[PDB]
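Text of data-v8.pdb, listed as PDB, C-alpha atoms:
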```pdb
ATOM      1  CA  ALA A   3      40.970 159.212  23.468  1.00  0.00           C
ATOM      2  CA  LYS A   4      40.920 155.945  25.385  1.00  0.00           C
ATOM      3  CA  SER A   5      43.554 157.200  27.831  1.00  0.00           C
ATOM      4  CA  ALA A   6      40.939 159.164  29.815  1.00  0.00           C
ATOM      5  CA  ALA A   7      39.027 155.909  30.421  1.00  0.00           C
ATOM      6  CA  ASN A   8      42.196 154.086  31.417  1.00  0.00           C
ATOM      7  CA  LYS A   9      43.464 156.995  33.524  1.00  0.00           C
ATOM      8  CA  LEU A  10      40.221 157.054  35.479  1.00  0.00           C
ATOM      9  CA  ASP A  11      40.468 153.260  35.758  1.00  0.00           C
ATOM     10  CA  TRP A  12      43.908 153.469  37.377  1.00  0.00           C
ATOM     11  CA  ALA A  13      42.530 156.296  39.525  1.00  0.00           C
ATOM     12  CA  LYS A  14      39.908 153.809  40.658  1.00  0.00           C
ATOM     13  CA  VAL A  15      42.715 151.253  41.090  1.00  0.00           C
ATOM     14  CA  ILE A  16      44.516 153.483  43.583  1.00  0.00           C
ATOM     15  CA  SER A  17      41.064 154.144  45.046  1.00  0.00           C
ATOM     16  CA  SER A  18      40.194 150.410  45.089  1.00  0.00           C
ATOM     17  CA  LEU A  19      43.201 150.105  47.324  1.00  0.00           C
ATOM     18  CA  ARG A  20      40.629 151.278  49.913  1.00  0.00           C
ATOM     19  CA  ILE A  21      38.499 148.144  49.348  1.00  0.00           C
ATOM     20  CA  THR A  22      40.713 145.048  49.478  1.00  0.00           C
ATOM     21  CA  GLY A  23      39.070 141.921  48.102  1.00  0.00           C
ATOM     22  CA  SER A  24      37.735 143.109  44.740  1.00  0.00           C
ATOM     23  CA  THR A  25      35.720 140.218  43.337  1.00  0.00           C
ATOM     24  CA  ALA A  26      35.222 140.929  39.632  1.00  0.00           C
ATOM     25  CA  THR A  27      35.646 144.697  39.113  1.00  0.00           C
ATOM     26  CA  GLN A  28      39.309 144.360  38.193  1.00  0.00           C
ATOM     27  CA  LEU A  29      38.173 141.297  36.267  1.00  0.00           C
ATOM     28  CA  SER A  30      35.755 143.546  34.383  1.00  0.00           C
ATOM     29  CA  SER A  31      38.702 145.806  33.551  1.00  0.00           C
ATOM     30  CA  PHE A  32      40.509 142.607  32.579  1.00  0.00           C
ATOM     31  CA  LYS A  33      37.730 141.835  30.107  1.00  0.00           C
ATOM     32  CA  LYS A  34      37.913 145.318  28.613  1.00  0.00           C
ATOM     33  CA  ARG A  35      41.699 144.845  28.451  1.00  0.00           C
ATOM     34  CA  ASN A  36      41.074 141.522  26.682  1.00  0.00           C
ATOM     35  CA  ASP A  37      38.925 142.813  23.884  1.00  0.00           C
ATOM     36  CA  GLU A  38      40.653 146.209  23.608  1.00  0.00           C
ATOM     37  CA  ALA A  39      44.026 144.507  23.197  1.00  0.00           C
ATOM     38  CA  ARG A  40      42.292 142.151  20.776  1.00  0.00           C
ATOM     39  CA  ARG A  41      40.754 144.861  18.597  1.00  0.00           C
ATOM     40  CA  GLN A  42      43.980 146.766  17.957  1.00  0.00           C
ATOM     41  CA  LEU A  43      45.825 143.692  16.686  1.00  0.00           C
ATOM     42  CA  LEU A  44      42.689 142.845  14.749  1.00  0.00           C
ATOM     43  CA  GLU A  45      42.676 146.199  12.964  1.00  0.00           C
ATOM     44  CA  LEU A  46      46.448 146.265  12.442  1.00  0.00           C
ATOM     45  CA  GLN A  47      46.615 142.606  11.385  1.00  0.00           C
ATOM     46  CA  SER A  48      44.295 142.803   8.401  1.00  0.00           C
ATOM     47  CA  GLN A  49      45.051 143.766   4.842  1.00  0.00           C
ATOM     48  CA  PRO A  50      42.733 146.178   3.006  1.00  0.00           C
ATOM     49  CA  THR A  51      39.910 143.660   2.959  1.00  0.00           C
ATOM     50  CA  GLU A  52      39.703 143.255  -0.806  1.00  0.00           C
ATOM     51  CA  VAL A  53      41.135 141.239  -3.674  1.00  0.00           C
ATOM     52  CA  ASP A  54      43.743 143.380  -5.417  1.00  0.00           C
ATOM     53  CA  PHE A  55      42.256 143.337  -8.910  1.00  0.00           C
ATOM     54  CA  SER A  56      45.086 145.442 -10.374  1.00  0.00           C
ATOM     55  CA  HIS A  57      48.186 143.408  -9.535  1.00  0.00           C
ATOM     56  CA  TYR A  58      46.923 140.245  -7.904  1.00  0.00           C
TER      57      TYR A  58
ATOM     58  CA  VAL B   1      30.964 140.320  31.695  1.00  0.00           C
ATOM     59  CA  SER B   2      29.412 143.391  33.259  1.00  0.00           C
ATOM     60  CA  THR B   3      30.203 146.271  35.560  1.00  0.00           C
ATOM     61  CA  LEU B   4      30.505 145.123  39.160  1.00  0.00           C
ATOM     62  CA  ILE B   5      29.368 147.660  41.746  1.00  0.00           C
ATOM     63  CA  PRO B   6      31.027 147.788  45.185  1.00  0.00           C
ATOM     64  CA  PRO B   7      32.018 151.489  45.308  1.00  0.00           C
ATOM     65  CA  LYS B   8      28.719 152.808  46.619  1.00  0.00           C
ATOM     66  CA  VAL B   9      27.235 150.162  48.895  1.00  0.00           C
ATOM     67  CA  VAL B  10      27.932 152.223  52.005  1.00  0.00           C
ATOM     68  CA  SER B  11      24.194 152.926  52.322  1.00  0.00           C
ATOM     69  CA  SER B  12      23.254 149.816  54.290  1.00  0.00           C
ATOM     70  CA  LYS B  13      26.869 149.238  55.340  1.00  0.00           C
ATOM     71  CA  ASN B  14      27.072 151.963  57.997  1.00  0.00           C
ATOM     72  CA  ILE B  15      25.027 150.020  60.561  1.00  0.00           C
ATOM     73  CA  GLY B  16      26.948 146.757  60.521  1.00  0.00           C
ATOM     74  CA  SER B  17      30.547 147.790  61.129  1.00  0.00           C
ATOM     75  CA  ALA B  18      31.942 147.762  64.650  1.00  0.00           C
ATOM     76  CA  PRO B  19      32.958 151.436  65.274  1.00  0.00           C
ATOM     77  CA  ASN B  20      29.459 152.506  64.220  1.00  0.00           C
ATOM     78  CA  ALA B  21      28.353 151.495  67.721  1.00  0.00           C
ATOM     79  CA  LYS B  22      31.079 153.663  69.281  1.00  0.00           C
ATOM     80  CA  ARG B  23      30.214 156.530  66.921  1.00  0.00           C
ATOM     81  CA  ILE B  24      26.503 156.456  67.767  1.00  0.00           C
ATOM     82  CA  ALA B  25      27.427 156.002  71.420  1.00  0.00           C
ATOM     83  CA  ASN B  26      29.572 159.086  71.776  1.00  0.00           C
ATOM     84  CA  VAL B  27      27.473 161.357  69.603  1.00  0.00           C
ATOM     85  CA  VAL B  28      24.909 160.711  72.339  1.00  0.00           C
ATOM     86  CA  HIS B  29      27.571 161.044  75.049  1.00  0.00           C
ATOM     87  CA  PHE B  30      28.757 164.462  73.888  1.00  0.00           C
ATOM     88  CA  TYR B  31      25.673 166.635  73.452  1.00  0.00           C
ATOM     89  CA  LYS B  32      24.180 167.100  76.935  1.00  0.00           C
ATOM     90  CA  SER B  33      27.506 167.438  78.777  1.00  0.00           C
ATOM     91  CA  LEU B  34      27.903 170.953  80.217  1.00  0.00           C
ATOM     92  CA  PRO B  35      30.907 172.659  78.574  1.00  0.00           C
ATOM     93  CA  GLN B  36      33.478 173.841  81.130  1.00  0.00           C
ATOM     94  CA  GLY B  37      32.261 173.198  84.656  1.00  0.00           C
ATOM     95  CA  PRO B  38      29.254 175.380  83.905  1.00  0.00           C
ATOM     96  CA  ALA B  39      26.077 175.496  85.991  1.00  0.00           C
ATOM     97  CA  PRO B  40      28.333 174.792  88.993  1.00  0.00           C
ATOM     98  CA  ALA B  41      26.354 176.726  91.643  1.00  0.00           C
ATOM     99  CA  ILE B  42      29.559 177.143  93.630  1.00  0.00           C
ATOM    100  CA  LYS B  43      27.808 178.848  96.563  1.00  0.00           C
ATOM    101  CA  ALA B  44      24.762 177.537  98.394  1.00  0.00           C
ATOM    102  CA  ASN B  45      23.553 178.349 101.886  1.00  0.00           C
ATOM    103  CA  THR B  46      21.194 176.258 104.027  1.00  0.00           C
ATOM    104  CA  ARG B  47      22.781 177.202 107.427  1.00  0.00           C
ATOM    105  CA  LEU B  48      25.142 174.191 107.067  1.00  0.00           C
ATOM    106  CA  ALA B  49      26.041 174.034 103.363  1.00  0.00           C
ATOM    107  CA  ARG B  50      28.798 176.561 104.090  1.00  0.00           C
ATOM    108  CA  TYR B  51      30.215 173.978 106.519  1.00  0.00           C
ATOM    109  CA  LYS B  52      30.387 171.452 103.673  1.00  0.00           C
ATOM    110  CA  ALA B  53      31.769 174.058 101.265  1.00  0.00           C
ATOM    111  CA  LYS B  54      34.543 174.991 103.687  1.00  0.00           C
ATOM    112  CA  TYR B  55      35.230 171.446 104.885  1.00  0.00           C
ATOM    113  CA  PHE B  56      33.789 168.653 102.734  1.00  0.00           C
ATOM    114  CA  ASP B  57      34.601 169.416  99.109  1.00  0.00           C
ATOM    115  CA  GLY B  58      37.375 167.871  97.053  1.00  0.00           C
ATOM    116  CA  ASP B  59      39.687 170.816  97.714  1.00  0.00           C
ATOM    117  CA  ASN B  60      39.987 171.014 101.508  1.00  0.00           C
ATOM    118  CA  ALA B  61      39.324 167.370 102.473  1.00  0.00           C
ATOM    119  CA  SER B  62      41.426 167.522 105.657  1.00  0.00           C
ATOM    120  CA  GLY B  63      40.475 165.590 108.771  1.00  0.00           C
ATOM    121  CA  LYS B  64      39.892 168.710 110.956  1.00  0.00           C
ATOM    122  CA  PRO B  65      36.034 168.405 111.124  1.00  0.00           C
ATOM    123  CA  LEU B  66      36.652 164.945 112.551  1.00  0.00           C
ATOM    124  CA  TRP B  67      38.870 166.855 114.983  1.00  0.00           C
ATOM    125  CA  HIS B  68      35.966 169.285 115.441  1.00  0.00           C
ATOM    126  CA  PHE B  69      33.610 166.332 115.834  1.00  0.00           C
ATOM    127  CA  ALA B  70      36.103 164.807 118.267  1.00  0.00           C
ATOM    128  CA  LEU B  71      35.917 168.016 120.283  1.00  0.00           C
ATOM    129  CA  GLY B  72      32.143 167.788 119.913  1.00  0.00           C
ATOM    130  CA  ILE B  73      32.145 164.590 121.918  1.00  0.00           C
ATOM    131  CA  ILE B  74      34.556 166.358 124.265  1.00  0.00           C
ATOM    132  CA  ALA B  75      31.898 169.067 124.361  1.00  0.00           C
ATOM    133  CA  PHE B  76      29.085 166.593 124.919  1.00  0.00           C
ATOM    134  CA  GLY B  77      29.664 164.142 127.752  1.00  0.00           C
ATOM    135  CA  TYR B  78      31.739 166.468 129.926  1.00  0.00           C
ATOM    136  CA  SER B  79      28.714 168.745 130.277  1.00  0.00           C
ATOM    137  CA  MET B  80      26.793 165.572 131.116  1.00  0.00           C
ATOM    138  CA  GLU B  81      29.549 165.102 133.695  1.00  0.00           C
ATOM    139  CA  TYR B  82      28.256 168.374 135.142  1.00  0.00           C
ATOM    140  CA  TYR B  83      24.782 166.856 134.933  1.00  0.00           C
ATOM    141  CA  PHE B  84      25.844 163.567 136.558  1.00  0.00           C
ATOM    142  CA  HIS B  85      29.164 163.458 138.387  1.00  0.00           C
TER     143      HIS B  85
END
```

Any chance you could give the structure as structure tokens?
Amino acid sequence: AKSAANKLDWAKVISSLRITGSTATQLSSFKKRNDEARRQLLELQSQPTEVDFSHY
Amino acid sequence: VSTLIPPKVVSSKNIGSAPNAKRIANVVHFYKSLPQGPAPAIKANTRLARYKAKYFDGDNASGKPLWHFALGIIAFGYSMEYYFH
């Protein structure tokens, strides 16, 4: 359900067309892009965080 | 690291920008102007205002009263001729 957040962010991108010279607002969206792109590879990267006592 | 906030800083912005002066100028320029040539008082009579209304407005504006005034001097000294010579 993150697409509503990002859809309203691109809505504010085509509305931040109206204010040229954005200092750090797009950089704040860059920081949420940074850790949101980090968290998905973090959750997909891991194994089930346990020692496999049956086989291993 | 945080939410930056320039979408809503138009509160103390709307004095500083340059067409604000023109906006506050012509909202003052437009209120007290009579709408469509109203309150014209197109007729006035003071025993000679009809002379101005027939001769000295923007519409007629022809040199004929000068002509009349020319004849006025023709009316003036010639009678003084009959008083002098």

Counting all atoms listed in the file, which residues of chain B fall within 7 Å of chain A, and what is the closest atom pair for each with its distance in Å at one decimal, ordered by chain and rising number, as a tab-separated table?
```
residue	atom	partner	partner_atom	distance
B:1	CA	A:30	CA	6.4
B:2	CA	A:30	CA	6.4
B:3	CA	A:30	CA	6.3
B:4	CA	A:27	CA	5.2
```

Put a box with edges along x, y and z around all the listed atoms of segment 32-40 of chain B, pad it by 5 Å on each side, then give me its centre and sizes in Å, one decimal, as lines of an AutoDock Vina configuration file.
```
center_x = 28.8
center_y = 171.3
center_z = 83.0
size_x = 19.3
size_y = 18.4
size_z = 22.1
```

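Between atom CA of residue 13 of chain B and atom CA of residue 22 of chain A the interatomic distance comes to 15.6 Å.
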
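The space between atom CA of residue 54 of chain B and atom CA of residue 67 of chain B spans 14.6 Å.
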
Which residues, written as a PDB file with C-alpha atoms, in the frame of the given file, have at least one atom at most 9 Å from residue 44 of chain B, with all atoms listed in the file counted and residues fewer than 4 positions away on the same chain left out?
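Below is the file that was written, out_23.pdb:
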```pdb
ATOM      1  CA  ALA B  49      26.041 174.034 103.363  1.00  0.00           C
ATOM      2  CA  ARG B  50      28.798 176.561 104.090  1.00  0.00           C
ATOM      3  CA  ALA B  53      31.769 174.058 101.265  1.00  0.00           C
TER       4      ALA B  53
END
```

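Atom CA of residue 6 of chain B sits 16.1 Å away from atom CA of residue 12 of chain A.
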
Will you give me segment 20-65 of chain B, written with N, CA and C atoms and laid out as a short mmCIF file (atom, residue, chain, number, x, y, z; two decimals), in the first residue's frame?
```cif
data_model
loop_
_atom_site.label_atom_id
_atom_site.label_comp_id
_atom_site.auth_asym_id
_atom_site.auth_seq_id
_atom_site.Cartn_x
_atom_site.Cartn_y
_atom_site.Cartn_z
N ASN B 20 2.65 42.17 -6.54
CA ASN B 20 1.79 42.49 -5.40
C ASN B 20 1.54 43.99 -5.33
N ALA B 21 2.54 44.80 -5.69
CA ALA B 21 2.36 46.25 -5.73
C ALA B 21 1.35 46.66 -6.78
N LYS B 22 1.40 46.03 -7.97
CA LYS B 22 0.42 46.33 -9.01
C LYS B 22 -0.97 45.83 -8.64
N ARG B 23 -1.04 44.68 -7.95
CA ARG B 23 -2.32 44.15 -7.50
C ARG B 23 -2.97 45.08 -6.47
N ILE B 24 -2.22 45.47 -5.44
CA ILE B 24 -2.77 46.39 -4.45
C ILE B 24 -2.93 47.80 -4.99
N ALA B 25 -2.26 48.13 -6.09
CA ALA B 25 -2.52 49.41 -6.73
C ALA B 25 -3.87 49.41 -7.42
N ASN B 26 -4.12 48.41 -8.27
CA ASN B 26 -5.33 48.51 -9.07
C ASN B 26 -6.56 47.91 -8.40
N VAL B 27 -6.43 47.27 -7.23
CA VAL B 27 -7.65 47.06 -6.46
C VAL B 27 -8.11 48.37 -5.82
N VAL B 28 -7.19 49.31 -5.61
CA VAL B 28 -7.56 50.64 -5.17
C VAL B 28 -7.99 51.49 -6.37
N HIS B 29 -7.44 51.23 -7.55
CA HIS B 29 -7.79 52.03 -8.72
C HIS B 29 -9.19 51.70 -9.23
N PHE B 30 -9.72 50.51 -8.92
CA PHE B 30 -10.93 50.07 -9.60
C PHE B 30 -12.21 50.27 -8.81
N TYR B 31 -12.16 50.62 -7.53
CA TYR B 31 -13.42 50.61 -6.79
C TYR B 31 -14.23 51.89 -6.96
N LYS B 32 -13.60 53.06 -6.91
CA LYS B 32 -14.35 54.31 -6.87
C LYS B 32 -14.62 54.88 -8.26
N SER B 33 -14.13 54.22 -9.31
CA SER B 33 -14.44 54.64 -10.67
C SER B 33 -15.90 54.38 -10.98
N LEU B 34 -16.61 55.43 -11.41
CA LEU B 34 -17.98 55.36 -11.89
C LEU B 34 -18.08 54.39 -13.07
N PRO B 35 -19.16 53.60 -13.16
CA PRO B 35 -19.16 52.47 -14.10
C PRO B 35 -19.11 52.78 -15.59
N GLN B 36 -20.06 53.54 -16.12
CA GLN B 36 -20.23 53.64 -17.57
C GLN B 36 -20.54 55.06 -18.00
N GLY B 37 -19.76 56.03 -17.54
CA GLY B 37 -20.04 57.41 -17.83
C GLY B 37 -21.20 57.90 -16.98
N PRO B 38 -21.41 57.25 -15.85
CA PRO B 38 -22.51 57.63 -14.95
C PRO B 38 -22.16 58.89 -14.17
N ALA B 39 -23.21 59.44 -13.54
CA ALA B 39 -23.18 60.76 -12.91
C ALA B 39 -22.65 61.84 -13.86
N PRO B 40 -23.09 61.83 -15.12
CA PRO B 40 -22.46 62.70 -16.12
C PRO B 40 -22.91 64.15 -15.99
N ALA B 41 -24.17 64.35 -15.58
CA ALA B 41 -24.84 65.65 -15.53
C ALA B 41 -24.72 66.38 -16.87
N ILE B 42 -25.27 65.74 -17.91
CA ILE B 42 -25.03 66.15 -19.29
C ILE B 42 -25.69 67.47 -19.65
N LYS B 43 -26.57 67.99 -18.79
CA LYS B 43 -27.18 69.29 -19.01
C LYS B 43 -27.00 70.13 -17.76
N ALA B 44 -26.50 71.35 -17.94
CA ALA B 44 -26.41 72.32 -16.87
C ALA B 44 -26.61 73.70 -17.47
N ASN B 45 -27.29 74.57 -16.72
CA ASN B 45 -27.65 75.88 -17.24
C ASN B 45 -27.31 76.94 -16.21
N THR B 46 -26.43 77.87 -16.60
CA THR B 46 -26.05 79.02 -15.79
C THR B 46 -26.02 80.29 -16.62
N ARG B 47 -26.90 80.36 -17.63
CA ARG B 47 -27.08 81.37 -18.68
C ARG B 47 -25.94 81.40 -19.69
N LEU B 48 -24.85 80.66 -19.47
CA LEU B 48 -23.78 80.50 -20.45
C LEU B 48 -23.23 79.09 -20.52
N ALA B 49 -23.67 78.17 -19.66
CA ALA B 49 -23.20 76.79 -19.76
C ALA B 49 -23.75 76.10 -20.99
N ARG B 50 -24.90 76.56 -21.51
CA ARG B 50 -25.43 76.05 -22.77
C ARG B 50 -24.52 76.43 -23.93
N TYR B 51 -23.88 77.60 -23.84
CA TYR B 51 -22.90 78.04 -24.83
C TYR B 51 -21.71 77.09 -24.88
N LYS B 52 -21.22 76.68 -23.70
CA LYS B 52 -20.14 75.70 -23.65
C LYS B 52 -20.61 74.32 -24.10
N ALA B 53 -21.84 73.94 -23.76
CA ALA B 53 -22.35 72.63 -24.14
C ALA B 53 -22.57 72.53 -25.64
N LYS B 54 -22.94 73.63 -26.28
CA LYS B 54 -23.13 73.63 -27.72
C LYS B 54 -21.82 73.84 -28.46
N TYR B 55 -20.85 74.50 -27.84
CA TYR B 55 -19.65 74.90 -28.55
C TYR B 55 -18.35 74.29 -28.04
N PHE B 56 -18.20 74.07 -26.74
CA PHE B 56 -16.88 73.86 -26.15
C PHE B 56 -16.74 72.50 -25.48
N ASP B 57 -17.46 71.49 -25.96
CA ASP B 57 -17.23 70.14 -25.49
C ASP B 57 -16.25 69.44 -26.43
N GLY B 58 -16.03 68.15 -26.18
CA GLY B 58 -15.19 67.38 -27.07
C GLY B 58 -15.83 67.05 -28.39
N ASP B 59 -17.16 67.10 -28.47
CA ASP B 59 -17.87 66.70 -29.67
C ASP B 59 -17.83 67.77 -30.76
N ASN B 60 -18.22 69.00 -30.44
CA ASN B 60 -18.35 70.02 -31.49
C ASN B 60 -16.99 70.56 -31.89
N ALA B 61 -16.34 71.29 -30.97
CA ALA B 61 -14.91 71.61 -30.99
C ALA B 61 -14.46 72.37 -32.24
N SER B 62 -15.39 72.96 -32.98
CA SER B 62 -15.07 73.67 -34.20
C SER B 62 -14.84 75.14 -33.89
N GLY B 63 -14.07 75.81 -34.75
CA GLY B 63 -13.54 77.13 -34.44
C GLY B 63 -14.53 78.27 -34.51
N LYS B 64 -15.79 77.98 -34.87
CA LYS B 64 -16.88 78.95 -35.03
C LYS B 64 -17.07 79.97 -33.89
N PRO B 65 -16.98 79.60 -32.59
CA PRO B 65 -17.06 80.66 -31.56
C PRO B 65 -15.96 81.68 -31.65
#
```
